[PDB]
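Commentary on secondary and tertiary structure
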Amino acid sequence: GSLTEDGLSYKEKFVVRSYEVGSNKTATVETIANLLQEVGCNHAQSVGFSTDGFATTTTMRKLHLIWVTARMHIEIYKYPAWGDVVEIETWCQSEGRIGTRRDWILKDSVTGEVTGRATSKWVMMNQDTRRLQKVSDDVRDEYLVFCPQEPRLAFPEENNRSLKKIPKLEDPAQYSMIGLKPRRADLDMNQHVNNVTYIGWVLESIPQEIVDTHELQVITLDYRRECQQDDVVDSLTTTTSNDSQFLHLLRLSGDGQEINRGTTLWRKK
Amino acid sequence: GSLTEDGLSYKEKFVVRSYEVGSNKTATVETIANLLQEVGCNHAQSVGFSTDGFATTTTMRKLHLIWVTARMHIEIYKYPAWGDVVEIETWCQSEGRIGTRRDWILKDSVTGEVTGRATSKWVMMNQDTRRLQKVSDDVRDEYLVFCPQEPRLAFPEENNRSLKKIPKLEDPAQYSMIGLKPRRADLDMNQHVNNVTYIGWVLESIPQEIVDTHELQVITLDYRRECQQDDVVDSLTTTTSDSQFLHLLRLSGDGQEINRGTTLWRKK
Ligand SMILES: CCN(CC)C(=O)c1ccc(N)cc1
Ligand SMILES: CCN(CC)C(=O)c1ccc(N)cc1
Ligand SMILES: CCN(CC)C(=O)c1ccc(N)cc1
Ligand SMILES: CCN(CC)C(=O)c1ccc(N)cc1
Ligand SMILES: CCN(CC)C(=O)c1ccc(N)cc1
Ligand SMILES: CCN(CC)C(=O)c1ccc(N)cc1
Ligand SMILES: CCN(CC)C(=O)c1ccc(N)cc1
Ligand SMILES: CCN(CC)C(=O)c1ccc(N)cc1
């Protein structure tokens, strides 16, 4: 991997592994989400920010401030097959004092064609109080010299899916998977549940017949609260719709506290 | 990755990823086990066998025969840090008509030092009846031209840890993690639970204080039965001692054994 010529974006190639693929012998969306996080982390390293997933400056570290994901939105046109080489380009942009955005473009390395795209919204939070805060000029200025100054969007479209508000699923859910719990493999280096595990949990309540006959085209996921030590999660799904659409809700199995909400769009194979 | 000069082994380099590391910022043993499976699969591919994890010939495919893991044994001297490049060499060997063995050697690409080693026992089974079978001459001959003819062992010593019999843990277990269940990410391309998921489940019942103060040095795991559709697993652990543990995975309901194993940990 390397920063590009102008130093405002980062590119890295990956060869799809045997254990990274599903029943069609192509990469799962969780494998894609993991590669997006990996290239994001290598971009942060390439310019001197923290490499713990929080991409902080020394200024944020003394204030105990971190960046956290508020939303992930992925659209895949073609999942890469096992053994295929995928090239991913990523870049970041400030969105005033609200937060930051990281975008990605996925390409087939052999054809050069765009096979997927993704975008994410990040907010600044105190790591101890968990209180959100607006971005100060000092923090914004530190990041601005590492971002394009003119807008560069993976999702330029007028009223695109990545910015739509997601409603709260109402009981009874059509489908559910109960009592989901993380194991050590689901944790990151900071002992926090990896953001990709929540994508897996959302997908667990999609019936197997949909997965066997359809391909996931778009997923939008809001992150509202973390799954903490000893927490157990229920995954709820209701059909909202050759295309099938679903509304998703992850909540704590006991008191029903919301942890995530999302939507998925699937195309018939 | 590529076959080596003599064509009887395969080498491949991997750069440790951000999501592949634990609290010490070094690769977990499940990341190591996944890389061992990946290099095994690329070796099978390089010589024309199936690439579904079963490494079959056309002869085995017409008979509905597959190779399955009976035991995995891994010894790690140093876990690679995030960003480090690790080189893994692998080869296989027939063990008469009982089955086959795959061995691996892990090295730090910069220093050339051996940082780990692993070995595994595989048996031939009919994929439908699940009945084990001895290896016929026809199948053995197909594999022999792809294996070293003189013994080459990652664990050469007579009576080493990789060959020891593992006892069955007796209730009550000292520690347990109950109701473990796979999700789609735990499945392979054939919709079977990945062998590495069982390593993760075994480790779940080790108390967090051991993991925080020790490093896993050796793991030996027997595979007795698969976790099938809608199965739920209990992970049981008892200290037998460095710290040593005895492990048992069994189905949550009737208590049917699926795996047994042992782990050896060194104080940090
Ligand atoms: C979205 C979080 N964040 C810091 C703002 C980053 O990942 C980041 C990384 C490299 C870079 N040049 C600029 C930003
Ligand atoms: C509805 C609140 N919310 C997400 C927490 C936002 O408006 C938001 C917008 C841009 C961004 N980079 C980060 C966050
Ligand atoms: C207006 C769309 N939008 C912000 C992108 C949201 O509703 C949103 C709210 C909370 C959250 N964690 C993530 C997203
Ligand atoms: C006991 C299972 N387990 C994962 C190891 C957890 O409950 C757990 C959840 C969140 C977290 N940050 C850390 C740990
Ligand atoms: C242990 C299963 N098995 C087939 C015997 C293999 O993985 C195998 C792969 C490549 C090779 N040259 C020889 C053997
Ligand atoms: C005790 C039975 N058993 C394991 C099933 C074996 O003797 C065994 C030995 C070598 C080998 N490649 C495969 C199997
Ligand atoms: C000491 C002999 N030996 C094989 C090495 C075993 O006890 C053995 C038995 C069953 C199994 N699935 C794996 C291993
Ligand atoms: C419903 C959860 N789940 C994983 C998708 C399973 O019970 C499962 C277990 C083994 C297997 N081969 C296939 C599936």
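The residue numbering used throughout counts from 1 along each chain in the order its sequence is written. It may not match the entry numbering, and residues with no coordinates are not shown. Throughout, the order in which chains and ligands are written sets their labels, letters from A for the former and numbers from 1 for the latter. With hydrogens and water stripped out, all remaining heavy atoms of the structure feed into the side-chain values.

The deposited coordinates, according to the entry record, derive from X-ray crystallography at 1.600 Å resolution.

This part takes up the domain arrangement of chain B. All names here are of chain B. Domain start and end points were adopted from an automatic or database domain assignment. If you check the domain split of chain B, you get domain 1 (2-156) and domain 2 (175-267). Centre-to-centre, using C-alpha coordinates, domain 1 lies 21 Å away from domain 2. In this assembly, 20 residues from domain 1 lie in contact with 21 residues from domain 2. The buried area of a pairing is the accessible area, by a 1.4 Å probe, that goes missing from both parts when the two are put together, added over both. Together domain 1 and domain 2 conceal approximately 1,800 Å² of surface at their shared face, both sides included; 47% is due to carbon and sulfur atoms. Salt bridge, as used here: a side-chain nitrogen of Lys or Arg that lies within 4 Å of a carboxyl oxygen of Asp or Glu. At the junction of domain 1 and domain 2, the tally comes to two salt bridges. The partner of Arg130 in a salt bridge is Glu226, with the nearest N and O atoms 2.8 Å apart. Any pair of N or O atoms that falls within 3.5 Å is considered a polar contact. Within protein, one atom must be able to donate a hydrogen and the other to accept it, and sequence-neighbouring residues count only if both atoms are side-chain atoms. Across the contact surface, domain 1 and domain 2 share twelve residue pairs in polar contact. For the purposes of this entry, the term helix denotes a DSSP run of H or I that reaches at least four residues, the term strand denotes a run of E that reaches at least two, and both are numbered from the N terminus. At the level of secondary structure, the elements contributing two or more residues to the side of domain 1 that touches domain 2 comprise α1 (29-46) and β3 (65-76). A contact between two residues is defined here by any heavy atoms of the two lying within 4.5 Å.

On to the site of ligand 5. Residue and element names in this part refer to chain B. The environment of ligand 5 is made up of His43, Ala44, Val47, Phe49, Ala55, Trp67, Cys92, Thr100, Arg102, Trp122, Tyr143 and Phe146. A distance of 2.9 Å separates an oxygen atom of ligand 5 from a polar atom in the side chain of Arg102. The protein chains hide 97% of the 370 Å² of surface that ligand 5 would expose on its own. Looking at the shell around ligand 5, the elements with two or more residues in it are α1 and β5 (99-108). Along the lines of polarity and charge, the residues of the shell around ligand 5 split into nine nonpolar, two polar and one charged. Working definition: residue near molecule or strand if any one of its non-hydrogen atoms lies within 4 Å of it. Reported accessibility uses the Shrake-Rupley method at a 1.4 Å probe radius. Residues are deemed covered only where the shown protein chains occlude them. Put simply, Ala, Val, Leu, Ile, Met, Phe, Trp, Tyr, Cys and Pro go in the nonpolar bin, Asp, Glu, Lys and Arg in the charged bin, and everything else, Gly too, in the polar bin.

What follows concerns empty space enclosed by the protein. Roughly 50 Å³ of volume is contained in the largest cavity. Cavity means a closed set of points on a 1 Å grid over the protein atoms alone, one where a 1.4 Å probe fits but cannot get out, pocket means an open set with protein on both sides within 12 Å along at least 5 of 7 lines, and lining means a residue has an atom within 4 Å of a point. Around the largest cavity, the lining residues are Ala33, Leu36, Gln37, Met72, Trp104, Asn195, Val196, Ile199 and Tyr223 of chain A. Those elements that place two or more of their residues in the lining of the largest cavity are α1 (29-46) and α4 (195-204) of chain A. For the lining of the largest cavity, the residue count by class is seven nonpolar, two polar and no charged. When we break the lining of the largest cavity down by domain, the ones giving at least three residues each are domain 1 (2-163) and domain 2 (175-268) of chain A. Considering the residues around the second largest cavity, the lining is formed by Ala33, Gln37, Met72, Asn195, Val196, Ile199 and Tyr223 of chain B. Grid points are joined across faces, edges and corners, and a volume is the space filled by probe spheres set on the points.

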